[PDB]
Structure formats: C-alpha cells, structure tokens
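Residues 17 to 174, 185 to 226, 237 to 287, 316 to 401, 413 to 497, 504 to 516, 521 to 768, 773 to 840, 850 to 919, 925 to 1029 (the UniProt record's numbering) make up the sequence shown, in order. Just so you know, even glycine gets a beta-carbon here, dropped at the ideal spot from N, CA and C. Worksheet: the structure to be examined is printed underneath.
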Amino acid sequence: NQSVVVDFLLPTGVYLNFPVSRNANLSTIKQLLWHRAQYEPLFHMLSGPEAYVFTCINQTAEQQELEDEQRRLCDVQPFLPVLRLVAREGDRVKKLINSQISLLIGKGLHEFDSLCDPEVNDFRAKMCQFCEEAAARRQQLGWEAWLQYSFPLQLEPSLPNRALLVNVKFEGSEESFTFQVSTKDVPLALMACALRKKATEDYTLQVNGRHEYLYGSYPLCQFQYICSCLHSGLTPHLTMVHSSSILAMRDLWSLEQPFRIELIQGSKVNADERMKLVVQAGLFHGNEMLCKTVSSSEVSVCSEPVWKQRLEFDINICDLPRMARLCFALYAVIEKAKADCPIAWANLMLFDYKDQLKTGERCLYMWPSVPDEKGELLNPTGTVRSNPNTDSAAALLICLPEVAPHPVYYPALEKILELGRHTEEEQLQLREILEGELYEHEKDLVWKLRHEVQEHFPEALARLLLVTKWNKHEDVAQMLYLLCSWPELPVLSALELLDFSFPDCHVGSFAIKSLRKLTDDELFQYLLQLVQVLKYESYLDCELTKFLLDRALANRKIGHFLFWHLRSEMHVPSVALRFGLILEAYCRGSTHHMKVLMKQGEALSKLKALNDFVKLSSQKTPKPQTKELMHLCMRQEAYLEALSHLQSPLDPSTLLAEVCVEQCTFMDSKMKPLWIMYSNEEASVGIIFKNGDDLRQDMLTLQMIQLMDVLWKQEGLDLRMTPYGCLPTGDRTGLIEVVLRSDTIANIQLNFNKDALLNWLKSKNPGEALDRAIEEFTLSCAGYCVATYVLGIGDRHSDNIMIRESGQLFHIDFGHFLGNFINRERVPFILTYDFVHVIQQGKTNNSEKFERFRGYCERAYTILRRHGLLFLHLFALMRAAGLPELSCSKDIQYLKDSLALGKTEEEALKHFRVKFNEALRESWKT
Ligand SMILES: CC(=O)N1CCN(c2cccc(-c3cc(-c4ccnn4CC(F)(F)F)c4c(N)ncnn34)c2)C(=O)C1(C)C
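Put into structure tokens, the structure is as follows:
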C-alpha cells in the first residue's frame, strides 16, 4: 500500500531494512533511521545525521546525491528502495546540477559517457563552458540587463490618444493609487509621478500576479497588458518593485584514385528466407547524387550475411566535398527471373567532425526503411547518426581503406580560397532564368556567369549553389571563394539556405551570419522551424546549435520554448542524443530557469499519471464519479504540491498558483484531456492536459495563424484573433490554453434558430455592447476565413469552430491541413450562412456591412501574398519534422496555389474575388 520496505546501507558497512511511507520526506526517513540504527551494531562510530546525505540509483540509472531532504520518497522515485549514507563534502554544486539535468532532460548524462565518442565529449566540454561563461557573465551585469533577460518586454506588433485610469500599488502595501495618464506615455511618466503621488529612475512597473514588467523607451499602449486592458475596458494594476527586490530575484588533395568501400558483412537481418539480400550504395551531397549508385551481389537471406566485396565509385577521392555522405540501403530482392523489399538504411559522413577523412572499419547500426510514395533506392535526407538500439537492431559492417601513411584532412579555408581565385546576349539569358528547378542548359549558363550573379543577382545565391558541381573540387573551391565575399542577405533569403539541399558548412555559416540581425521577437516566430532544421545537421557542434544557444542564454522566454521544443522529442531515437546534448548545455547556463522547468516537468508527470487513471476510470464509473475520484487523487499532499505554484509552460510569465480542484474536470473526447483550473493570489487561468494525440500538427497550424496575425497587425489591420497557446511537452503529450467565456457553435445552437448565435451574442453583449461584438465577429470571421483557406484546413464544422463572449470567432482541433481531408484536394473559401447573417446584423440584405467584411477578407489575403515566400521558406523547413501532411514538394506547392504566388497582385485579387463570391453563392445552398 502507502508504505515501502527500504534498504539502508551505513558507512560502517552495517545494513538496516525497515518500512517507511512512500510520502515521507528524506529528512523524516533519516530520523527513523537514526532511531533504529542506535539498536544495530557499530552505532557509536557514526557521525551526526546532518554529516550525511542519502545516495540512490534514480530512474535514469545513475547515482544521485539526495541533497534536498524536503523531497518525498515518492517524488525521488529511486529504482529499488535502497538508500546509502555518504559524506556530504565535495562539489555539492556539480553533483547537484548534473543530477537535476538527467531528470529534467529524461536521459542520464552517463548515456553520453558510455558512447566513448570524442565528438560527443568535445561538444559537451565546449558547449557547457560557453554556456557556463555566459551565465557567469549574466550574473555580473545589473538589474536593467537582468530584467531584460528574464522578463523580456511583451509588446504589440505596432494610432490615437485616450484617457486611462491606472491602479498603481507598492511592495507589501495593500493601498492603491488610481492615477490617470496619456495612452502614449513612457514608463517613467507612469512611475515617478505615483512615487510623487505617495509623498504628497528607480524600480519598474510589474503586472499584478504576472511576471510581466513595464519598462524601456516605449509608449504605454504598445504593451500587451495595457493594450488588452484598453480594449477589454479594464483598468491596469501595476506595482512598483525596487532595484533591491530585482537583485533578490537575480540571486593534401592528391588522391586521384577512385573512392573505394569494402562491404564486409551484415548483422541481425530479419527477412524472408526465400529471397536474396542486396546492399545498394550511393554517394551524396545534400539531395544531389555525387555519382552513379554501385550495388552488391545477391547473397542468400540469413541473419548475418557476408559479402566481403569491394565497391568502387565514379568519383576520385580529391573531388569528394566536405559534406559528402555515403548512403546505404539493404534490400530483400527476389533472385532474377514483383516489388523490391526495402529492409533498412544507414548514412555515413565520408569525413569526421575534425575535417579528417574516415579510414578503417565501421559498424553502422541501421534504421528501417519506411515504404512510401518516393520509392527511392536510398535515403540521403536520413540521419547520419547510428540507430541507438545497438541492442536488437540490424547493422552493416563496412571498411573505408587507408590511403596515406599520415591521416588526410579536407583543405583549410586558406588553401580553398587560394585555388578558388578566378556577354550582352547571355546577360538577358540570365535575367530570363533568374525570374526552382533549373534545366541543365540553363544551369551551365548560371555557372559561367557566376560572377555576374554575385555582382547583379546576390539574392540568387541559392540558385547559384544548386548549379555548382559539388563532385568537382575545382568547382567547389570556386563557389566557396565567391561565398566568402558574398553580400549579406536578408533574413528571408537566409531562411532558405538552412534547408537540407544546402549541406555545405560554409553555406550554413552564411545563413546564420544573416540571421544574426533577428530581433528576439521575429526569432521566436521561426524558433520551431530552426529547431527542426537541427535534424538536417551532419555534426553535433554546428553554427545553428551555437546560434540557438547564444539566443536562449540572452533571452529567458526563447530559452524556455527552446527547452520544450527539444524536450518534447526526447523520445525520438533519431534526435535523443543531439537534442540531449543541447538541453544539458542550455541547463548548465540557465540554472535559474532549470528550477522552473523542474517544477513544470513534475506537474506534467503527475498529470500523465492522473490522466492515465481518468482514462481507465472512464471505462468503469460514470463521469461525475470519475470527476470526484479525480479530486481525491489530486488532493493527495504530493499531487497537490506538484500541481500548485508554478510558472505556466504555455507562457512562463503566467503564474499558475492555487489549483481549483472543484473546477477541475475532463473532456468526453477520445484521449480524455484534463481540464485544470487555477486562481490568482495577486492578479482566472486554466490549462488542458492532452495525452494520446500528436500536437505538433496543431502547434504548427496555430503558429502560422499567429504569424498571419502579426503580419496583419503590423500593417494596421487587427482581426481580433485568439492566439491561444498549444505546447507539445512530450511523447503524444502537450498543453492547450483555456479560452474562458467561450463555447463551440454546435453547443451555442442547441440551448429564432437562425438567430440562435445572435441571441447568444445578445445575452453576452446587451444594448451598446451588441454592436461591439458584431465588429469582433466580423473581424475574427475574415481572419479565420482567409487563414483556413490559405492553409487548406477543411472539415470546418460547428463542433470545431468556437465563439467567445466578446464576439471573437476561433478554430479548434485542426486535424489536417494543406488540402488533406488522407486525400489532398483544393479546399475552397468557405462562407457560412449562420456567420454571414451575424455580419449583416440580422438583415436579409445589408451590403453596407457585408462589403466592409469583404474588404477585411480581401486585405487580409493581400498582405499574406506580400509575405508568400516567408510561408514557403518556413513550410519548406518544416519538412524536417516528418509530418505526413507536410512531407513533400506538392504540400508546399499547395501554398503557392492557395496564395496565388505565381499570378500578379491584380490577377490574384480577381481570382480571390471569384472564389469569395461563389463561397457566398454556395453558402445559400447549404
Ligand atoms: C467546465 C467544463 O468542465 N467543461 C466546459 C468546457 N468544455 C468544452 C466544450 C467544448 C469545447 C471545449 C474546448 C476545446 C478547446 C480546444 C482548443 C484547441 N484544442 N481544443 C481541444 C483540446 F484542448 F482538447 F485540445 C478549448 C479551449 N482552448 N478553451 C476552452 N474550451 N475548449 C471545451 C467541456 O467539455 C467541459 C469539460 C464539460
């Protein structure tokens, strides 16, 4: 039951075994131990209880020094119930941090040591040091840099002046100061005035019961809080927190012989014995084939097949680029006389992380080949890391041969740039071409006029890199010479060069260099794509990893979402290692945030266990019984402590304080998502814990709508959208924000009947408020009509459309996008009669209003077109995520067509109009 028998190992070699409760804190267990130890031999020899610390083997299989004795044995969760006393003394900082990391990332650091891979070890040393340094450096600076680091300003994208009554306050003081000020007032104006208002450049304003601070050179109206307060009517309640209170928070070449590879053996193969096994091999540079694909002989199907066969390639060693990858696929072929069975695949870098060409034997633990649309012999886009299941997985034994008495490395930049140095008819023939897939005759024209491309077409660098023959080192040196003198490209062009088709490390270096102009705000908008692109990297230490880490240590919000982006994929074998090494480095440099993410991951662990119970208890007792059988399981000391007082993983500046267990429920949906409510100690907020469904798809959809909202908001168009948070936290687990005062159009319609929504809106907006809500409906309708049409999100019914008490419409449960319904087809613009009605304020005909709504739809679509390449570039990088709905060229193509990307602005607007008008015509029929 509650109690558990614990083994205790005393430093005298004495052994005690007695029962204790699973909820007992370690401090309490130590006392029961000293009480029983006095009646066991060699007690006199022991030092005081406080002289010792408990040691245990945690879930992640490593020894853990259990320093915080306020932890319950249940929260410690040791492998077997074994505790060992050890002398406290040593570096009880690295011992403490290393342990917390292993728990937090859900992988023991020992797994990294076990590998005996220097690449892993060098990454760890360099990255942990860079981070540790940046953290130490962070600690040096004063309150202004720190408040900028931990609580970065949450501002509106960006106008009149208005009267604003603002309720000021002070630290500890329960005495308010309702002082009114100008909409365009700087922070000091709202500050020192209230300091002068109390008496008759120190401190900053803080939003009550939030980690949101008002500071810096900006007008009040430009701050999300003030801004939302103005719109929702409500008066902003600030607090003056002194500098003292903030500080308290603060504390050579030659080899002209061919490329040779010795396919020695295969291992643990699981194929039909009737068949024959073949190993197909190719050489690649990104997506491009570096030469013809050599194949092995057929050998009979067995577990350990032997080939001991030499494979030569139509590429001479000195021609192999830095990023050359050897790709393998094992096939089960029906011996020569209807489909060739793809067994497994494996990719390998021809050069190591230190520029040295790999020699000797290699045992490549292989990944299963997934049967798909692109049959493809090989998988060059696949990961270069070995299948971590070295245990039960198939493998291939290869041997790259020695080719010199001394090891050979790829040339240095100086020896590359050395070799690299050095008409009006064709000048037109370059303009016509540079105005995606260039034809081989056009390719050579671009390469010949490559200096003309650098001089007059710098934005066509991507086009130039793809025409380059990466299988001829002469051609590579030439390109690289121009690269090292190329003008800095805009963020938009740089985003394109992050994709798998640009594997050269010099390319990646240029791409990051141009991405260094990004404000924390715009960076946050691409963060998900940038994390995804790490899956296309060849080596652990790369420019993108370093960039992503620099940014995360410079901004806390970025660091937080970078943590969850990597954390939520710690289950995927392909990324576990890479992501794990980034998370350790991030943690080492963000020890403060480590404490927050620890609290969050803990509550998350409880919710998975709580949800798991409810899921089961649904297939037993009825819903109100389960509800009450959930409230007792929640009110357990440990459950309630873990679920209380934490920063929200969805928005770390939101303080989820006291759980309202009475208000906590679950949803009658498939995966039974938990409805968890909280109340404000100083400032309501709720979270939805869903486990079972993949949330990546929904987060990308929501991120894009938010991007659209920012792009629209930037050009003075506020379409009153609801960018509710959705965050994947783990394996088929995530959180979804609670939008209070909202209901699904199906539920609203069942409580005239054509006026069912208008009555609901009337019952939530009386008199003067009715006209406000319809403008909220009109504005949100347009935005979501345009959004869902552009993204190809179909199946838009009343169970997946929601209305807010303010009048704002918004979409939920985006199951599929890009025309997919399983089967991708062009989703038309959809005008719903029910909505068209509310827009017309109840009338049959009201073009006065309806045409204004037409304008919102039309300008929303027009703005999206202006940023069409952004969405294509972003979506093209998302192909690294491996979502079925976003796996190829035709998925990204959807966007080109939806946004009429090809067609002129006028040609696009007239087709949008035709589609709009027919959505209104077909609206009537439904
Ligand atoms: C108080 C209470 O116990 N309620 C009332 C809310 N409710 C309900 C109904 C219809 C839609 C949504 C719903 C779905 C989503 C939603 C948005 C995106 N995905 N989802 C569903 C998901 F959370 F499961 F993912 C959201 C949301 N973000 N905020 C508020 N309600 N809400 C909730 C309920 O079933 C119960 C559980 C009966």
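For the set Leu62, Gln795, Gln803, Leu191, the Cα lying nearest the Cα of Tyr813 is the one of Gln795. In this structure, the straight-line span from the alpha carbon of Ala637 to that of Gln145 is close to 15 Å. Chain-ordered, the residues whose CB falls short of 6 Å from any heavy atom of ligand 1 come out as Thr750, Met752, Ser754, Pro758, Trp760, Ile777, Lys779, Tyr813, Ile825, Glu826, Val827, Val828, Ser831, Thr833, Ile910, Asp911.
In the structure shown, the three-state DSSP call for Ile899 is strand. For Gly775 and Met752, the gap between their C-alpha atoms comes out near 14 Å. DSSP places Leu341 in the uninterrupted beta strand (DSSP E) bounded by 340–349. Going by C-alpha positions, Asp107 is about 56 Å away from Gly890. Between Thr204 and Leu256, the C-beta gap is not smaller than 8 Å, which leaves the two residues out of contact. Taking 8 Å as the cut-off, the Cβ atoms of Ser318 and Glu368 do not count as close.
Three or more beta-carbon pairs drawn from the stretch 457–464 and the stretch 435–448 are found closer than 8 Å, and the two stretches are therefore classed as touching. In the three-state scheme derived from DSSP, where H, G and I count as helix and E and B as strand, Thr630 is classed as helix. Looking at the backbone, the Cα of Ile777 and that of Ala871 are separated by about 27 Å. In this structure, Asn780 sits near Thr822, with a CB-CB distance shorter than 8 Å. In the DSSP assignment, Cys474 falls within the unbroken beta strand (DSSP E) covering 470–475.
When rounded, the separation of the alpha-carbon atoms in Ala579 and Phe595 is 8 Å. With respect to the 8 Å criterion, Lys999 and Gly665 are not classified as neighbours on the basis of their beta carbons. By the Cβ-count criterion, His481 is exposed, with fewer than 16 other Cβ atoms from all chains shown falling within 10 Å of its own Cβ.
Judged by beta-carbon spacing, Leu967 lies within the 8 Å limit of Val884, meaning their Cβ atoms are closer than that value.
C-alpha of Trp571 to C-alpha of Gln431: approximately 27 Å in a straight line. Taking C-beta separations shorter than 8 Å and ignoring five residues to either side along the sequence, the partners of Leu523 in its chain run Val531, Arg548, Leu551, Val552, following chain order. Distance from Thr790 to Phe919 at the Cβ level is roughly 15 Å; contact not present, criterion being Cβ atoms closer than 8 Å. Taken atom to atom, the span from the alpha-carbon of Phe426 to that of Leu740 is near 49 Å. Between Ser764 and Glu743, the gap from beta carbon to beta carbon is short of 8 Å. Here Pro543 really is in contact with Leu574; their C-beta atoms are around 7 Å apart, less than 8 Å. The DSSP-derived three-state label of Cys391 is strand. Nearest neighbour of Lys224 by Cα position, chosen from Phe196, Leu327, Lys340, turns out to be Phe196.
If you look at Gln155, you'll find it isn't in any beta strand (DSSP E); it sits in the alpha helix (DSSP H) that goes 134–156. Counted as a single uninterrupted DSSP element, the beta strand (DSSP E) harbouring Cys416 occupies residues 416–424. The beta carbon of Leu859 sits closer than 8 Å to those of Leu868, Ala871, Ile872, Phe875, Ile901, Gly905, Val941, all from its chain and outside the five residues before and after it, given in chain order.
Using a Cβ distance threshold of 8 Å, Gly913 and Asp897 do not count as a contacting pair. Per DSSP, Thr71 is one residue of the beta strand (DSSP E) stretching across 68–73.
Annotation: the continuous beta strand (DSSP E) that includes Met762 extends over 759–764.
Contact check for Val342 against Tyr395 passes: the beta carbons are separated by less than 8 Å. When DSSP states are grouped into helix, strand and coil, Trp162 belongs to the helix group.
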